[PDB]
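Please treat every number below as a calculation from the coordinates, not as lab data.
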């Protein structure tokens, strides 16, 4: 049901900004005024992806969301 920002912008769970600026502008340059004029329902997917930054463009967010919380790994050692 949900998606994965690191996957949203083709960003490795710990990728960087490039794929963040490349992976959104890649599907976004293809979704710009090409269909938006016949379907805004997809609009959100545009910021749904961009928002991925609040998650990966922050040492605490990209380091926290990388494992979706300490539950994805639990006790480490």
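Helix 18-31 axis versus longest C-alpha principal axis of the chain: approximately 30°, rounded to the nearest ten. On the principal axes of its alpha-carbon atoms, the chain has extents of 53, 26, 15 Å, going from largest to smallest.
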